[PDB]
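Consider the single chain below, provided in structure tokens and representing the form deposited in one PDB entry.
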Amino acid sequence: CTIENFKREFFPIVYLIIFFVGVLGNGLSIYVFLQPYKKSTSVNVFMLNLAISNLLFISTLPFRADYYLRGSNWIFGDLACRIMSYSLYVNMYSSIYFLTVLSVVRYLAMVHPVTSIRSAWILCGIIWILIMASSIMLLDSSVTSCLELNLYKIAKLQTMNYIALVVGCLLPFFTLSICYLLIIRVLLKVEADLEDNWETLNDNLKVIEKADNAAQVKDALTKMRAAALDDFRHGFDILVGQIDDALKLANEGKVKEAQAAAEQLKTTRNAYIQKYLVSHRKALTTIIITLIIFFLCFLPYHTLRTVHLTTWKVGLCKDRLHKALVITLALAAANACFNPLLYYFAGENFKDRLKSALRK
């Protein structure tokens, strides 16, 4: 079949690229995750678990590459061949679940009604164990054609596919869709409220900026304090305190100095606004990247995988569908080197921590 020549030319290249990009990205990421960072949240745990899984899977891609460079011949043993499948599917579904967990955690962080480090490790251990246990029949106590689909494997894999498709791909993707919905909702409502607070404060600052006497400045500062009342919370409302100082000046009759005080109070409020809007932005970013990962890496692969299993026959080549499966399989594997784009653009000050970790 034509697809066999295609795979022999295609997989060595893509796998070894994924290996090179993935060892670099994950080793660097893991190094950053293991270095001490004071304000490190449970996010750090989930990313780290993902990174480690991704790296363990990447350590197998040379062997796969080897298989195809030899003309689809597995020279390693039966056990290494079983480990190929075991690593591939454990890493796949572990990754999907850590990513789902990371989006959920990041949503909870914006809403905050926390995941501690120890709890994050327990949740990770449970994910590891459930998925390793679900996968052990890939390790059953032919092999020359290690990575192929054959007629003895097809009956088991049809049943295995049903369950892995539903529970390991569609259920987490559904969870991600709900997460996106919830994050958009929270972000829009919170940003509407932040606009209203900013605008009330700016109204009163404009009033104070052109006020006739000290009583008027005092009244508008009082209204400002009423607006300031109602996750760092601006160092326990630092702006609200500075306003109290300005109100003292007002009650002393110092109009010019109270106006001067009010006019630098414009910026300390948007400091608060941003300290609590950056978490909402982190969650939006996490969910958008993760959904792109699903649409690129996992959903086409599970679709075509299912159709391939369903329509498979030992005599027929099925070249277009099989080639589409091969390319989507490559994208499922490439996820292991994609995941640091998440770490970098949606980690916890990851660019800062990288700069600090590499500087001599």
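Superpose the two forms; the largest set of C-alphas matching within 1.5 Å is the rigid core. Numbers follow the displayed sequence, beginning with 1.
The form deposited in another entry is left out here; the points below concern that form.
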Residue among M224, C179, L102, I96 whose Cα moves 2 Å or more between this form and the one not shown, once the rigid core is superposed: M224
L149 C-alpha shift between this form and the one not shown of 2 Å or more, rigid core reference: no
Did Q242 shift 2 Å or more between this form and the one not shown, C-alpha, core superposed: yes
Core-superposed comparison between this form and the one not shown, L265 Cα displacement 2 Å or beyond: yes
